[PDB]
């Protein structure tokens, strides 16, 4: 079971060191069965450095184009948008990127250089990025769940995952919190299940909207 995850975000901190904390492609098991993850990185952008995102937008659209093509005779299931912190909430480029591409790819916001900030600094930045997501109605993957199927306790876990957003993912992968533990290392089973929901979300609805756009 192959999976496509793309890393997008500014040079600022280090978009090149982030892939290591897990254009260039890189490949990396369930409850016995083999699961090969195909992570792909893009160049870091700055509003003036605009010709670097149109090719990401093209790649995404083009992957969805070659499926729709095969259905008439490789697509990205998750976007890890690296946000540079400190700089009060979300930038105009961070905003303009995720509103367009948020309809085509499952964007999940992450925070770069997490270890170079305090807990109070991190709480703040988390609060603001989320405040700018609401204000600009930014279409982010907010862990949608099957109302009847994925029920109770697993719901409580999903409410907690959403809480960790924007993911400050550092060290041995790990996500940082604010309040039992400071670093959260996701159950191998849990990460895979979500990957299956992003794989399914980009096929069941995200490709469906793009298919009913050209048709």
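Residue numbers count along the first chain shown, from 1.
Exercise for the section: Classify the number of deposited-sequence residues missing from the model between residue 28 and residue 29: none, 1 to 3, 4 to 9, or 10 or more. Expected result: The entry has 1 to 3 unmodelled residues between residue 28 and residue 29.
Exercise for the section: Can you count, per the entry, how many deposited residues between residue 45 and residue 46 come without coordinates? Answer none, 1 to 3, 4 to 9, or 10 or more. Expected result: Unresolved stretch here: 1 to 3 residues.
Exercise for the section: Would you determine, from the values in the PDB entry, which of 84-92 and 131-139 has the greater average C-alpha temperature factor? Expected result: The stretch with the larger average C-alpha B-factor is 84-92.
Problem - 147-155 or 160-168, whichever carries the higher mean Cα B-factor - result: In the deposited entry, the stretch with the higher C-alpha B-factor mean is 147-155.
Exercise for the section: Name the one of 180, 178, 68, 185 with the greatest CA B-factor according to the PDB entry. Expected result: The C-alpha B-factor peaks, among 180, 178, 68, 185, at 68.
Practice task
Could you tell me which third, lowest, middle or highest, the C-alpha B-factor of residue 191 occupies within its chain?
Solution key: Answer is lowest: the recorded C-alpha B-factor places it there.
Practice task
Place residue 22 in the lowest, middle or highest third of its chain's C-alpha B-factors, as listed in the PDB entry.
Solution key: According to the entry, residue 22 has a C-alpha B-factor in the chain's middle third.
Practice task
Divide the modelled residues of the chain into thirds by Cα B-factor and specify which third, lowest, middle or highest, holds residue 119.
Solution key: As the PDB entry reports it, the C-alpha B-factor of residue 119 lands in the middle third of its chain.
Exercise for the section: Give the position of residue 126 by CA B-factor within its chain, expressed as the lowest, middle or highest third. Expected result: Lowest third.
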